[PDB]
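Next up is one chain by itself, shown in structure tokens, the form deposited in one PDB entry.
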């Protein structure tokens, strides 16, 4: 009765988490747990219906070719998807029109909603800024998520005057990093995990959208949601947002 779910990259950090979550879920049956060395025929041997793939950019295309050829739906968190790679995936899917592939940069439902909300709000305010706050072991400033969020905001603000700012005197860096005309401030503080606030303002009011992750495994519910719903959309879907079915 339960949906048969395989996990590729099962010994990686994300994969191993997803293995546990699939096992715990009552309505999902773990049908495979593969890492480098394991033949993909194990997926078809055990009647896997959908896989979760967080492998490495160097192997994901090989995985996807097999999956699609065998009508096995794929929930993909692996990065490194160039325009040429997306195009290849699309062509493979022409031959297998009932197969579904989802490729998403972010699976945390809260982060996905937060980005969508920021996109909807952006054109209705004079000012927009992003503040992100993370643990002080993080290599990159600003985060991937903050940079992608600021780009969405910029894109949605097409044609608007830039953010008003009378700054004439400053210490270097005080106004943050400029991502497509949107300031992005990166706080690195012991005691934090992963946090992001998007601020919008016009004379008289402000609107703030804040996402807090308190545990590194907070994406799990979005991956499982993608697994349960992935077959609703035939073909290739990019990003988790369409799956949320926002009216």
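Positions refer to the first chain, counted from 1.
As recorded in the PDB entry, 120-128 is the stretch of 120-128 and 101-109 with the greater mean C-alpha temperature factor. For the segment pair 214-222 and 46-54, the entry gives 214-222 the higher mean B-factor, averaged over Cα atoms. For the set 179, 189, 68, 207, the maximum C-alpha B-factor listed in the entry falls on 179. The PDB entry assigns residue 85 a C-alpha temperature factor belonging to the middle third of its chain's modelled residues. Among all modelled residues in this chain, the alpha-carbon of residue 5 has a temperature factor (C-alpha) in the lowest third. Among all modelled residues in its chain, residue 114 ranks in the lowest third by Cα B-factor. Annotation for residue 239: C-alpha temperature factor in the lowest third relative to the rest of the modelled chain, per the entry.
When the CA B factors of the chain's modelled residues are split into thirds, the value for residue 73 lands in the lowest one.
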